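> for now just these chains, pulled out of the complex without moving them:
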Amino acid sequence: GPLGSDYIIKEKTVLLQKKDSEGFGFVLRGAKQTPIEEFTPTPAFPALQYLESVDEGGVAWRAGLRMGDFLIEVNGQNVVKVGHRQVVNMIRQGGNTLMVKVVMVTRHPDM
């Protein structure tokens, strides 16, 4: 809008249940965070980790996750401000089960 950016914000929480001999079918990308300054989420940059890619037809894809989704929670733990290695460890904790909350942000262009 004339006074600032407008965004569509869509939250998605999914329960992923994979087989032993497959992956969940996504690549997580994000920061490893600085103790010096707290991360402040914004609509454009809502979390430190996001889905760099999602395998079409894979487990995550079939549940509704998409490339570009930002990761908010893993198995009931908030990860908005959490570094990459800890989030990886949290995801691996559940084995073949992973429940995540992500958010998809789309900036509605004015022109």
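Yes, it's here. Residues are numbered from 1 along each chain as shown, chains lettered A, B, ... in the order given.
> what sits against the closest residue in space to residue A:28 that isn't next to it in sequence?
Counting by C-beta to C-beta, 6 or more residues apart in numbering, the nearest residue to residue A:28 once its immediate chain neighbours are dropped is residue A:49, at 5.5 Å. To be clear about C-beta, it is placed using only N, CA and C from the backbone, and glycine gets the same treatment. By C-beta atoms under 8 Å, 6 or more residues apart in numbering, residue A:49 lies in contact with A:28-31, A:70-71, A:79, A:82, A:84, A:87.
> which of those tops the neighbour count?
residue A:71 (27 neighbours; other C-beta atoms under 10 Å).
> could you find the closest non-adjacent residue to residue A:76?
Sequence neighbours aside, residue A:99 is the residue nearest to residue A:76 in space, at 7.4 Å (criterion: C-beta to C-beta, 6+ apart).
> quick one: contacts for that neighbour?
A:13-16, A:74-76.
> same thing but at 10 Å, please
Counting by C-beta atoms under 10 Å, 6 or more residues apart in numbering, residue A:99 makes contact with A:13-17, A:73-76.
> make JSON lines out of the contacts of residue A:49 and add distance to residue A:53.
What follows is the contacts of residue A:49, written out as JSON lines (distance: C-beta to C-beta, whole Å):
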{"residue": "A:28", "distance to residue A:53": "9"}
{"residue": "A:29", "distance to residue A:53": "8"}
{"residue": "A:30", "distance to residue A:53": "13"}
{"residue": "A:31", "distance to residue A:53": "18"}
{"residue": "A:70", "distance to residue A:53": "14"}
{"residue": "A:71", "distance to residue A:53": "14"}
{"residue": "A:79", "distance to residue A:53": "19"}
{"residue": "A:82", "distance to residue A:53": "20"}
{"residue": "A:84", "distance to residue A:53": "15"}
{"residue": "A:87", "distance to residue A:53": "16"}
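> add chain B to the structure above:
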Amino acid sequence: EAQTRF
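If we add chain B to the chains shown above, we get the following:
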């Protein structure tokens, strides 16, 4: 940034 496939 790091990345990890799942």
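> the contacts of residue A:99 with chain B there, same question as before?
Residue A:99 makes contacts with A:13-17, A:73-76, as judged by C-beta atoms under 10 Å, 6 or more residues apart in numbering or on different chains.
> next step: these restricted to strands.
Those of those mapping onto strands are A:13-17, A:73-74, per DSSP state E.
> who wins for neighbours among the contacts of residue A:99?
residue A:74 (24 neighbours; other C-beta atoms under 10 Å in any protein chain shown).
> turn the ones in strands among the contacts of residue A:99 into a markdown table, columns for distance to residue A:41.
Formatted as a markdown table, those follow (distance: C-beta to C-beta, whole Å):
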| residue | distance to residue A:41 |
| --- | --- |
| A:13 | 17 |
| A:14 | 20 |
| A:15 | 24 |
| A:16 | 24 |
| A:17 | 29 |
| A:73 | 13 |
| A:74 | 16 |
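> just the residues you listed now: which is nearest residue A:58?
residue A:16 (9.7 Å; C-beta to C-beta).
> for the contacts of residue A:99, which one is nearest chain B?
Of all the contacts of residue A:99, chain B sits closest to residue A:16, with 9.1 Å by C-beta to the nearest C-beta.
> distance of residue A:31 from residue A:82?
Distance, residue A:31 to residue A:82, using C-beta to C-beta, to the nearest Å: 9 Å.
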